[PDB]
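Below, each chain spelled out in residue letters.
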Amino acid sequence: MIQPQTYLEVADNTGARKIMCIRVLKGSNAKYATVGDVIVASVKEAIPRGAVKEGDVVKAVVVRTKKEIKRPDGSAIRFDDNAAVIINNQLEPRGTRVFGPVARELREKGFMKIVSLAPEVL
Amino acid sequence: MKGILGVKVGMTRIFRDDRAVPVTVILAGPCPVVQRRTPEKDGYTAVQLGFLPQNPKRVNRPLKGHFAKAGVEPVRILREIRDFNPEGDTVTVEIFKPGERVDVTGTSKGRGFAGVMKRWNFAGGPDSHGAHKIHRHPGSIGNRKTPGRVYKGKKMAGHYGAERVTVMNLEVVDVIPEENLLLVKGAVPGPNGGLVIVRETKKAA
Amino acid sequence: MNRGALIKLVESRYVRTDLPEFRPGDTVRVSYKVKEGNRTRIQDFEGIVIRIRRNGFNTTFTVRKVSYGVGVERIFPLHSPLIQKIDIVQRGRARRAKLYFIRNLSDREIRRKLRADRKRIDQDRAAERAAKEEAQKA
Amino acid sequence: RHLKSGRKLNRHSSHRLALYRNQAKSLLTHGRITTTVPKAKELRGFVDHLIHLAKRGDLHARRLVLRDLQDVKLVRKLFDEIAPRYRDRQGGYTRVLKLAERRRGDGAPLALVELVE
Amino acid sequence: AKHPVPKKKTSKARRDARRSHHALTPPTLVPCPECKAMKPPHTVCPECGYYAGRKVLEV
RNA sequence: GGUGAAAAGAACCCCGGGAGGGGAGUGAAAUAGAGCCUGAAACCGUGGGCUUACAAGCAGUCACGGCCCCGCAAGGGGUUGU
RNA sequence: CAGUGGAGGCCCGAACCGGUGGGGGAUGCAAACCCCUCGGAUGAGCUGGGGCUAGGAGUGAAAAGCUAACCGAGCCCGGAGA
RNA sequence: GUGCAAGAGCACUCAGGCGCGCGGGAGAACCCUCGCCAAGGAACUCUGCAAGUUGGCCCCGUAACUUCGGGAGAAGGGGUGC
RNA sequence: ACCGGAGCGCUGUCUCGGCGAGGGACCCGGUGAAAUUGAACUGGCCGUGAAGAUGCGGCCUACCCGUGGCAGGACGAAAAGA
RNA sequence: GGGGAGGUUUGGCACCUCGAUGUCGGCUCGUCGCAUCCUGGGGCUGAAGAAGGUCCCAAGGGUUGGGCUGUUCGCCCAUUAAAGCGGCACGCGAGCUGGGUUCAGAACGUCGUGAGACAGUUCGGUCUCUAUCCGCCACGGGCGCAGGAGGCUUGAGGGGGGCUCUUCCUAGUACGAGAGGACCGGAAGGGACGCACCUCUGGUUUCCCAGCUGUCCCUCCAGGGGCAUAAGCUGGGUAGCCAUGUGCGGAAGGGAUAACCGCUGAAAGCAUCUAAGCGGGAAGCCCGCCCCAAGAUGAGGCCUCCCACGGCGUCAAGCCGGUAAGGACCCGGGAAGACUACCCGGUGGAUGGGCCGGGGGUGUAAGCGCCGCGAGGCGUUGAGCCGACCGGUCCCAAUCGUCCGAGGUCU
């Protein structure tokens, strides 16, 4: 589960590699997150030459979780990591090079921009 | 305002139409339609319903083999459905039709005297910085020197479990009269051998 | 009422029996899915595996597999929305059922600690054309 | 309700097992054994089961049962004699019968292992 | 000896009530078949004995 | 600190492992029975009388009823239903 | 540069002294103690023996600590029935 | 006595010695003490208090500073059985 | 074994606690304390009172008694108030 | 510039407390108040609609996580539909925390000739397990309900329950220069939260399987035992127990009301929502929901059950032994349980233990064959064991049996 204290590496370029979770965006009490969850964040790890410096306070939505996901169809899956996709103050993935699998669940939520370039929808 | 008794077992997950669904299995069975109660000699309408037949030597006596028709009781004696009155024949299971939400009575399985942060869920706390003792203590209860009177129903550490309750909203797609079963959304309280009874929904009734 | 077993074993009329036979060794190819707002697809998700929780109706399998990024594990509800599922290699010769230890170090040590049983194959090749003898005899 | 499995107990685990099998030994030496009540109960259960797996006569039972035991002269007396007796019995080879008046000093109802054949 | 002390001497009335729920319970006995006298319900009296009669060895 | 004039300081039977008692026997007397003349108070028991299981108490008081037992009468104890 | 030698109020580390931060225990096993750890750890060391230093005095790797379980002035008895 | 680098350590156990001077049953909360914990990982808190990771043996290697002793076992990492 | 501050690996310190474990407790069995103690036949609101009542009053819930458990009051015990 | 509530702050007064009531916030449990922060409502605007400004109505529920400061006061971030103001020893150390506080130690700034002291600082520094009455949270016994008893029930009372958001369709339509951007009817989803379950997920399981280490022993090998936790150590792990997992709930609806808007209408020939009458009006009041509940001393009512004298009182009530329907003891014990209670069954029985088939856990075990000198290997084989599980099954224990219990008030 995603408490506001967790590291969340990135499954994309953007100019980042790892972060830390700040809050979520659900109810002012929804202190827990999973797949496709709208999460605020402070990067704490960003590689030298990109468009988002290390530390910088920005937002994101999460996919690829250490916490298994149980669909409405009895099936399930857990990702070996806590990755995500980063966004701005206008909801859109900043970078472009998406790495690894993603949940098609998110696709019906409505973040198709990742899904389009997604190399492994799962 | 229809209904019929039931006994508890299993809760699986069969996949209807496409999706995957948790499924409570209760045996509704043949239940003796033993007599109605009438608003003059009572105050309302009610039907006594028996259940699963075994009662021989052990139960006997006034039987209500008296009653008006005999028939002999189950082994699960009998109860009543409020504001209820079928036709007059001993009804069974498929008194309802698949794909309908309804209500259910059940004996919540007992647990006994149990924890304060367990029964109600307090918070307690003090692991290492607090004290070894007051791990599972209610912390505080009252006030100072006014009002100073401990409140009735101060939510206390005690028995939890062996209760009884009705429950709303239960979708049943499955039912096997061919053995007398009823499979619903799945939530029913009680042990696998206790009291259950299906009454009709109240979404707007 | 009797046998609760009898009850839930009668609840078994949504049973698959044509479904492949495997051990908690490897597995590989395909599973199923939906994929769209109108389904119309099943994903050919290969993998290894790990966890065979046995039950019968609700028995399920945790399938470990890795890709592009890293590790990932799909559990399947052994019975229905699985179209076909069929693995590839099967193999065998592990020590147990649960295989979490492979999550830690998954590499040359993993292929090192895995070897198929020729017995398996030999039995699938016995099954091979004792099934064209069964496509002949009876 | 922290007891919806059951099993009679009290003691250390070591204490439990060691006792169980020792009472067994003492019985297999004789037949009628004086003791308490819950002891009596899961004692009769355990030991009787032991005698059912000792009803046969393979190295299997030999070692296994005696892994959960010790005495070998008693392995003779069992595999060679006690088993060919209850031979045509596949049920309770032992019946533990209770005693009134209780154990004095601390009122404890008693009971007694039996050979039952 | 601590904080919650019996502030005052409890009355003889309270003595006798708290000791009202005290009391005893009589023994429970039945006869011994194929014998003569008692045995508590479900027992094999040494003097007497259940079915088949085991022990019975005294003086 | 005190048995009695004085030891006559309790044999023999009985239950009991003894202890201790139940009888007997002793003396004026064992309610003088052995740390025993006297034996109270607070005090813990057992019998009996009156009262108590819808009821708000510095616990009594004034009246009346119920009651049980002494009383020739008249009365008196007692007890508490309101 | 090699080596041998073999030093230290050397250092890690048993009984040995000690008692740090934690906890137990609190009418305690106990009028200062058990459990986990901490430190010294061949020296300014730990210790059975025999002798002396004692109440405006002794003893003080120094607090007004210690002197037969209460020490900003001991315990014992006497003025004193202050 | 067998065993690890070693040892007056430790596990097991020789010989010797004991079961801690009340027990039998439940299988409550709650309190002593012990283990496992998904997922997050100091967010709890005056305080990483405390537990819990590391550990021992050899191979590699070790910053600043330095009074050249050190810093050190720095850190960082590789093996160990049969 | 000195007081801050920060990062790394780790963890029930926290989220959010669940299971189990032995031992206390709980039932039986043998024995059996304490401080406090005027007596109590000892519930609550709204006011009353030398300022904070079961007890006064205009008034409350409730058969008699008990057992496990929590800790607000009896201006709660430790003192002839540090 | 006056008048006033409020008794929260900060001043004054000093009586119960000097035979003690232990001061700051936090842990944790609340809880009462509306002058209400979100949500409903309507009034109105220097209100187009979108939002806002404002005044009354209305506690029903709700009102976050952190950084720093011992710190309430505070600042700051990330958020919410919102980030309330307050009472109760500024609640709650016979509950925590003892961090802050006015101890002796020590140092420091400072005053004093100095001992030492300064509303100056610093570092460390012992709140004390058994509840007597009350109070409260469950559990019972004895009783009671003016024939004894068994089961189905009534609901007076009372307890619990009431949040809210997100995009969408209607429709970029109405209003508008544009930008914008709506009522309402409906929909789809999340979170916070209270109850229910194990079917999946995930955590478990103290002897249910496998591995190995130091070791003493049986019996040298093979094999096996304890010990090394209080299970030596790790690898797994059923049912039952659980959360994150899982099914639900807040509501849908009837009626009275709030401020507020209106109808018909007088005094007061005109007017009016008002003093008579009608109507709209809120999450709010009452039900419709869910448990307790007839000690509801009105002790309710239904479905039955058995039935009267059997022994003194003729009259008036007592009483008195065994029987009736029944029930109690004891036992098998029980997803039920602190004992009890409850509940299930007792030879006319599937209750516990044994047994065996289903089910679940482990991974070819004990031995045997066949290779390499040997660690081991392959075959025997998904075998061997096998805790709770579903049942079959009288093999063994629920023996024999013992005691109580209507004998029927009145009008």
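Criteria and thresholds
Residues numbered from 1 in each chain as written, not as in the entry; some residues may be left out. Chains lettered and ligands numbered in written order. Part of a larger assembly, values for the part shown. Heavy atoms only, no water. Contact = heavy atoms within 4.5 Å. Patch = residues over 30% accessible without salt bridge, like charges linked within 9 Å, V, L, I, M, F, W, Y side chains within 5 Å. Areas by Shrake-Rupley, 256 points an atom, 1.4 Å probe, with all protein chains shown as cover. Salt bridge = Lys/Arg side-chain N within 4 Å of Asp/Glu carboxyl O. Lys, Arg positive; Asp, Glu negative; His and termini not counted. Charge placed at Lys NZ, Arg CZ, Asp CG, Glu CD. Helix = DSSP H or I, 4+ residues; strand = E, 2+ residues; numbered from the N terminus. Buried < 20%, exposed > 50% of the residue type's maximum accessible area, 1.4 Å probe, protein only. Near = heavy atom within 4 Å. Polar contact = N/O pair within 3.5 Å; in protein donor to acceptor, adjacent residues only side chain to side chain. Nonpolar A, V, L, I, M, F, W, Y, C, P; charged D, E, K, R; others polar. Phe/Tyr/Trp six-rings, centres within 6.5 Å; stacked < 30°, edge-to-face > 60°. Expected span 1.5 Å × (residues − 1). Bend = angle between axes of the 7 residues up to and from the residue. Buried area = accessible area lost by both parts, 1.4 Å probe. Pairing = 2+ DSSP bridges.

- Method-wise, the PDB entry is recorded as coming from X-ray crystallography, at a reported resolution of 3.86 Å.

1. Considering the arrangement of the chains
Part 1 of the argument: Most contacts, compared over the 5 pairs of chains touching, are made between chains A and C.
Part 2 of the argument: A gap remains between chain C and chain D, with no contact made and the closest C-alpha atoms lying 18 Å from each other.
Part 3 of the argument: Between chain C and chain E there is no contact; the minimum C-alpha to C-alpha separation amounts to 32 Å.

2. Let's talk about a positive patch on the surface
Residue and element names in this part refer to chain C.
Part 1 of the argument: Side chains of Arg93, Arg95, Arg96, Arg112, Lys113, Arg115 and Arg118 sit close together on the surface and give a patch of like positive charge.
Part 2 of the argument: Following the sequence through the fold, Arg118 ends up in helix α4 (residues 118-129).
Part 3 of the argument: For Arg118, a relative accessible area of 64% corresponds to the exposed category.

3. Some words on the protein's contact with RNA strand G
Part 1 of the argument: Every residue near RNA strand G is listed here: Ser128(B), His132(B), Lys133(B), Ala1(E) and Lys2(E).
Part 2 of the argument: Within the side chain of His132(B), an N or O atom sits 2.9 Å from a sugar or linking oxygen of RNA strand G.
Part 3 of the argument: Here a base nitrogen of RNA strand G and a backbone polar atom of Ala1(E) are 2.9 Å apart.
Part 4 of the argument: Classifying every residue of the surface near RNA strand G by side-chain character gives 1 nonpolar, 2 polar and 2 charged.

4. As for the side chain of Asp81(A)
Part 1 of the argument: When you line up the elements, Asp81(A) lands in the loop between β5 (76-79) and β6 (85-87).
Part 2 of the argument: Overall, the relative accessible area of 8% leaves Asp81(A) in the buried class.
Part 3 of the argument: A polar contact is formed between the side chain of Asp81(A) and the side chain of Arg64(A), at a distance of 3.2 Å.
Part 4 of the argument: When near neighbours in sequence (up to four residues on either side) are disregarded, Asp81(A) contacts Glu9(A), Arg64(A), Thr65(A), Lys66(A) and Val70(C).

5. Quick notes on the side chain of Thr24(B)
Residues and elements named next belong to chain B.
Part 1 of the argument: Looking at the element boundaries, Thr24 is found in strand β2 (residues 24-27).
Part 2 of the argument: Residue classification places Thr24 among the buried residues on the basis of a relative accessible area of 3%.
Part 3 of the argument: When residues no more than four places from it in sequence are discounted, the contact partners of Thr24 are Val9, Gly10, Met11, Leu182, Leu183, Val184, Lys185, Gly186, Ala187 and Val188.

6. Observations concerning the pattern of salt bridges
Part 1 of the argument: Inspection of the entire model under this criterion finds 23 salt bridges over all chains.
Part 2 of the argument: Taking the shortest distance from any N to any O, the salt bridge between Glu105(A) and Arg71(A) comes out at 2.9 Å. With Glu105(A) in helix α1 (residues 104-109) and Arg71(A) in the loop between β4 (69-70) and β5, the pair connects residues that are 34 residues apart, well separated along the chain.
Part 3 of the argument: In this structure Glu105(A) comes out as buried when scored by relative accessible area, which is 15%.
Part 4 of the argument: In the salt-bridge network here, residues are joined through shared partners; they are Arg16(B), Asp17(B), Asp18(B), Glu171(B), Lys185(B) and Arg39(C).

7. Structural notes on the packing of aromatic side chains
Each aromatic ring pair is summarised here by two numbers: the centre-to-centre distance and the angle between the ring planes.
Residues and elements named next belong to chain C.
Part 1 of the argument: The tally for this structure, following the rule as stated, stands at 5 aromatic pairs over all chains.
Part 2 of the argument: Measuring from centroid to centroid gives 5.6 Å for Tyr32 and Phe76, while their planes differ by 75°, and the two rings are edge-to-face. Here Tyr32 is found in the loop between α1 (4-10) and β1 (51-53), whereas its partner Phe76 is found in strand β3 (residues 71-76), with 44 residues between them in sequence.
Part 3 of the argument: Residue classification places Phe76 among the buried residues on the basis of a relative accessible area of 3%.
Part 4 of the argument: These aromatic residues form a ring-pair network of at least three members: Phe22, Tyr32, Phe61 and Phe76.

8. Considering helix α4 (residues 73-86) of chain D
All names here are of chain D.
Part 1 of the argument: Along its 14 residues, α4 runs 19 Å from first to last C-alpha, staying within 8% of the 20 Å computed at 1.5 Å per residue.
Part 2 of the argument: Along its length, α4 shows its largest kink, about 30°, at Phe79.
Part 3 of the argument: Here α4 has its buried residues at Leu74, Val75, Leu78, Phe79, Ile82, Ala83 and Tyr86.
Part 4 of the argument: Looking at the buried side of α4, the elements it contacts are α1 (13-29), α2 (38-53) and α3 (59-67).

9. Some thoughts on the interface of chain C and chain A
Part 1 of the argument: In this complex, chain C contributes 19 residues to the contact, which on the side of chain A involves 19 residues.
Part 2 of the argument: When residues of chain C are sorted by the area they lose upon contact with chain A, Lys33(C), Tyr68(C) and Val72(C) head the list and together hold 28% of the total.
Part 3 of the argument: Inspection of the chain C/chain A interface yields 3 salt bridges.
Part 4 of the argument: When the shortest N-O distance is used, the salt bridge between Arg78(A) and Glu73(C) registers 2.4 Å.
Part 5 of the argument: Of the residues forming the side of chain C that touches chain A, the biggest block, 5 residues, is contributed by β3(C).
Part 6 of the argument: Partitioned by chemical class, the residues of the side of chain C that touches chain A number 7 nonpolar, 5 polar and 7 charged.
Part 7 of the argument: Summarising the sheet, β5(A) and β3(C) pair through 4 bridges and their orientation is antiparallel. Each residue of the ladder has a partner; that of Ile77(A), found in β3(C), is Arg74(C).

10. As for the environment of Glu68(A)
All names here are of chain A.
Part 1 of the argument: Here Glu68 shows up in the loop between β3 (57-62) and β4.
Part 2 of the argument: Along the backbone, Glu68 and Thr34 are 34 residues apart, and their C-alpha atoms lie at a distance of 8.7 Å.
Part 3 of the argument: A polar atom in the side chain of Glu68 sits 2.5 Å from the side chain of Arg78.

11. Some points on the sheet that holds β1(C)
Part 1 of the argument: Here 5 strands make up an open sheet; going across it, the order is β4(A)-β5(A)-β3(C)-β2(C)-β1(C) and the pairing antiparallel. In the strand order of this sheet, the two ends are held by β4 of chain A together with β1 of chain C, each with one partner.
Part 2 of the argument: Pairing analysis gives 6 bridges linking strand β2 (residues 60-66) of chain C to β3(C), with the strands arranged antiparallel. The residue of β3(C) that forms the bridge with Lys65(C) is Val72(C).

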